[PDB]
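So this block is coords.json, JSON, C-alpha atoms:
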```json
[["chain", "number", "residue", "atom", "x", "y", "z"],
["A", 1, "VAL", "CA", -27.52, -3.83, -22.01],
["A", 2, "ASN", "CA", -24.14, -2.60, -23.26],
["A", 3, "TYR", "CA", -22.63, -5.83, -21.91],
["A", 4, "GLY", "CA", -18.94, -5.80, -22.86],
["A", 5, "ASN", "CA", -16.38, -4.00, -20.72],
["A", 6, "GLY", "CA", -18.09, -0.88, -19.36],
["A", 7, "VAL", "CA", -20.42, -2.31, -16.71],
["A", 8, "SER", "CA", -17.66, -4.12, -14.80],
["A", 9, "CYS", "CA", -15.06, -1.48, -13.93],
["A", 10, "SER", "CA", -11.61, -2.94, -13.28],
["A", 11, "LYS", "CA", -10.21, -2.86, -9.74],
["A", 12, "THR", "CA", -12.20, -1.49, -6.79],
["A", 13, "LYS", "CA", -11.59, 2.17, -7.64],
["A", 14, "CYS", "CA", -11.60, 3.66, -11.16],
["A", 15, "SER", "CA", -10.41, 7.28, -11.15],
["A", 16, "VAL", "CA", -6.89, 7.69, -12.53],
["A", 17, "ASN", "CA", -4.37, 5.15, -13.84],
["A", 18, "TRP", "CA", -0.60, 5.55, -13.58],
["A", 19, "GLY", "CA", -0.48, 5.41, -17.37],
["A", 20, "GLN", "CA", -1.74, 8.98, -17.60],
["A", 21, "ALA", "CA", 0.88, 10.20, -15.12],
["A", 22, "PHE", "CA", 3.88, 8.47, -16.69],
["A", 23, "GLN", "CA", 2.94, 9.93, -20.06],
["A", 24, "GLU", "CA", 2.40, 13.45, -18.75],
["A", 25, "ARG", "CA", 5.65, 13.20, -16.82],
["A", 26, "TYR", "CA", 7.92, 11.46, -19.34],
["A", 27, "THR", "CA", 6.58, 13.04, -22.53],
["A", 28, "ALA", "CA", 6.68, 16.41, -20.77],
["A", 29, "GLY", "CA", 10.45, 16.14, -20.39],
["A", 30, "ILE", "CA", 10.98, 14.03, -23.50],
["A", 31, "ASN", "CA", 8.87, 16.44, -25.59],
["A", 32, "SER", "CA", 10.74, 19.56, -24.49],
["A", 33, "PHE", "CA", 14.05, 17.88, -25.36],
["A", 34, "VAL", "CA", 12.83, 17.84, -28.96],
["A", 35, "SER", "CA", 11.69, 21.44, -29.34],
["A", 36, "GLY", "CA", 14.77, 22.81, -27.62],
["A", 37, "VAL", "CA", 17.17, 20.45, -29.35],
["A", 38, "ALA", "CA", 15.21, 21.24, -32.53],
["A", 39, "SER", "CA", 16.17, 24.91, -32.31],
["A", 40, "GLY", "CA", 19.90, 24.32, -32.07],
["A", 41, "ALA", "CA", 20.15, 21.36, -34.44],
["A", 42, "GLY", "CA", 17.49, 18.68, -34.49],
["A", 43, "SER", "CA", 18.21, 17.55, -38.05],
["A", 44, "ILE", "CA", 20.67, 14.80, -37.10],
["A", 45, "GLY", "CA", 19.95, 12.85, -33.93],
["A", 46, "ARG", "CA", 16.88, 10.66, -34.39],
["A", 47, "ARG", "CA", 18.56, 7.39, -33.39],
["A", 48, "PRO", "CA", 17.42, 5.95, -30.02]]
```
Do you think you could lay out the structure here as structure tokens?
Amino acid sequence: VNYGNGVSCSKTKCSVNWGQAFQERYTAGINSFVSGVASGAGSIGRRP
């Protein structure tokens, strides 16, 4: 049973999507920027 979206795996692979990478890569550098910048003065710069 369980007929929904788990029996038919997308694409002919299924192992690791780029999504995971981009987030581990980008957030990794984007996250650090916060902590570091938070130590010096991160109470006035939250405007993308």
Would you give the centre and edge lengths, in Å to one decimal, of a box along x, y and z around the listed atoms of stretch 37-48 of chain A, with 6 Å added to each side, as lines of an AutoDock Vina configuration file?
```
center_x = 17.9
center_y = 15.4
center_z = -33.7
size_x = 17.5
size_y = 31.0
size_z = 20.7
```
Pairwise distance, atom CA of residue A:30 with atom CA of residue A:43, equals 16.6 Å
Can you measure atom CA of residue A:34 to atom CA of residue A:46 for me? One decimal in Å is fine.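 So the answer is 9.9 Å.
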re atom CA of residue A:29 and atom CA of residue A:13: distance 29.0 Å
As an mmCIF file, in the frame of the given file, the rebuilt stretch 14-37 of chain A with N, CA, C and O atoms:
```cif
data_model
loop_
_atom_site.group_PDB
_atom_site.id
_atom_site.type_symbol
_atom_site.label_atom_id
_atom_site.label_comp_id
_atom_site.auth_asym_id
_atom_site.auth_seq_id
_atom_site.Cartn_x
_atom_site.Cartn_y
_atom_site.Cartn_z
ATOM 1 N N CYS A 14 -11.233 2.993 -9.914
ATOM 2 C CA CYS A 14 -11.600 3.660 -11.160
ATOM 3 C C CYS A 14 -11.617 5.175 -10.977
ATOM 4 O O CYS A 14 -12.627 5.747 -10.566
ATOM 5 N N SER A 15 -10.500 5.826 -11.289
ATOM 6 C CA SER A 15 -10.410 7.280 -11.150
ATOM 7 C C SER A 15 -9.238 7.838 -11.955
ATOM 8 O O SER A 15 -9.388 8.815 -12.686
ATOM 9 N N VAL A 16 -8.068 7.225 -11.813
ATOM 10 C CA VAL A 16 -6.890 7.690 -12.530
ATOM 11 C C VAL A 16 -5.779 6.643 -12.518
ATOM 12 O O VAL A 16 -5.265 6.280 -11.460
ATOM 13 N N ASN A 17 -5.417 6.157 -13.703
ATOM 14 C CA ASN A 17 -4.370 5.150 -13.840
ATOM 15 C C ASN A 17 -2.991 5.800 -13.900
ATOM 16 O O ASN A 17 -2.864 6.969 -14.262
ATOM 17 N N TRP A 18 -1.961 5.035 -13.555
ATOM 18 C CA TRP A 18 -0.600 5.550 -13.580
ATOM 19 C C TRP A 18 -0.205 5.910 -15.008
ATOM 20 O O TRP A 18 0.562 6.846 -15.239
ATOM 21 N N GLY A 19 -0.761 5.166 -15.963
ATOM 22 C CA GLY A 19 -0.480 5.410 -17.370
ATOM 23 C C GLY A 19 -0.534 6.879 -17.739
ATOM 24 O O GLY A 19 0.360 7.387 -18.416
ATOM 25 N N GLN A 20 -1.583 7.565 -17.295
ATOM 26 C CA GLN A 20 -1.740 8.980 -17.600
ATOM 27 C C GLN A 20 -0.571 9.791 -17.032
ATOM 28 O O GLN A 20 -0.001 10.638 -17.718
ATOM 29 N N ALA A 21 -0.221 9.515 -15.782
ATOM 30 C CA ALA A 21 0.880 10.200 -15.120
ATOM 31 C C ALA A 21 2.193 10.006 -15.864
ATOM 32 O O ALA A 21 2.819 10.971 -16.299
ATOM 33 N N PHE A 22 2.619 8.755 -16.015
ATOM 34 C CA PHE A 22 3.880 8.470 -16.690
ATOM 35 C C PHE A 22 4.005 9.170 -18.021
ATOM 36 O O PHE A 22 5.106 9.507 -18.424
ATOM 37 N N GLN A 23 2.898 9.319 -18.734
ATOM 38 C CA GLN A 23 2.940 9.930 -20.060
ATOM 39 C C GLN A 23 3.011 11.443 -19.971
ATOM 40 O O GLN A 23 3.612 12.092 -20.824
ATOM 41 N N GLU A 24 2.391 12.004 -18.940
ATOM 42 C CA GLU A 24 2.400 13.450 -18.750
ATOM 43 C C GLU A 24 3.757 13.873 -18.204
ATOM 44 O O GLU A 24 4.246 14.966 -18.483
ATOM 45 N N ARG A 25 4.353 12.976 -17.427
ATOM 46 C CA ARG A 25 5.650 13.200 -16.820
ATOM 47 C C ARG A 25 6.783 13.020 -17.834
ATOM 48 O O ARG A 25 7.556 13.941 -18.094
ATOM 49 N N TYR A 26 6.872 11.813 -18.383
ATOM 50 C CA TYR A 26 7.920 11.460 -19.340
ATOM 51 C C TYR A 26 7.858 12.277 -20.625
ATOM 52 O O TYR A 26 8.848 12.896 -21.013
ATOM 53 N N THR A 27 6.710 12.281 -21.295
ATOM 54 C CA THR A 27 6.580 13.040 -22.530
ATOM 55 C C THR A 27 6.856 14.518 -22.285
ATOM 56 O O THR A 27 7.450 15.194 -23.120
ATOM 57 N N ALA A 28 6.448 15.012 -21.121
ATOM 58 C CA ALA A 28 6.680 16.410 -20.770
ATOM 59 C C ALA A 28 8.162 16.756 -20.906
ATOM 60 O O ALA A 28 8.522 17.756 -21.529
ATOM 61 N N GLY A 29 9.014 15.917 -20.323
ATOM 62 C CA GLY A 29 10.450 16.140 -20.390
ATOM 63 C C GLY A 29 11.049 15.668 -21.697
ATOM 64 O O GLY A 29 12.000 16.264 -22.204
ATOM 65 N N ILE A 30 10.493 14.592 -22.245
ATOM 66 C CA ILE A 30 10.980 14.030 -23.500
ATOM 67 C C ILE A 30 10.540 14.899 -24.685
ATOM 68 O O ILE A 30 11.234 14.981 -25.695
ATOM 69 N N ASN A 31 9.396 15.562 -24.539
ATOM 70 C CA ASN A 31 8.870 16.440 -25.590
ATOM 71 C C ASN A 31 9.712 17.706 -25.683
ATOM 72 O O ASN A 31 10.133 18.107 -26.768
ATOM 73 N N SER A 32 9.953 18.336 -24.535
ATOM 74 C CA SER A 32 10.740 19.560 -24.490
ATOM 75 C C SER A 32 12.104 19.345 -25.141
ATOM 76 O O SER A 32 12.560 20.166 -25.936
ATOM 77 N N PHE A 33 12.740 18.223 -24.810
ATOM 78 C CA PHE A 33 14.050 17.880 -25.360
ATOM 79 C C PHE A 33 14.064 18.053 -26.880
ATOM 80 O O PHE A 33 15.077 18.431 -27.460
ATOM 81 N N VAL A 34 12.939 17.743 -27.512
ATOM 82 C CA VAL A 34 12.830 17.840 -28.960
ATOM 83 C C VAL A 34 12.816 19.288 -29.420
ATOM 84 O O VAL A 34 13.693 19.723 -30.159
ATOM 85 N N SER A 35 11.814 20.027 -28.978
ATOM 86 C CA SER A 35 11.690 21.440 -29.340
ATOM 87 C C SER A 35 13.007 22.173 -29.146
ATOM 88 O O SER A 35 13.562 22.741 -30.087
ATOM 89 N N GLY A 36 13.511 22.150 -27.916
ATOM 90 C CA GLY A 36 14.770 22.810 -27.620
ATOM 91 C C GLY A 36 15.880 22.342 -28.533
ATOM 92 O O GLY A 36 16.480 23.136 -29.259
ATOM 93 N N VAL A 37 16.138 21.039 -28.513
ATOM 94 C CA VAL A 37 17.170 20.450 -29.350
ATOM 95 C C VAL A 37 16.870 20.704 -30.832
ATOM 96 O O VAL A 37 17.772 20.663 -31.668
#
```
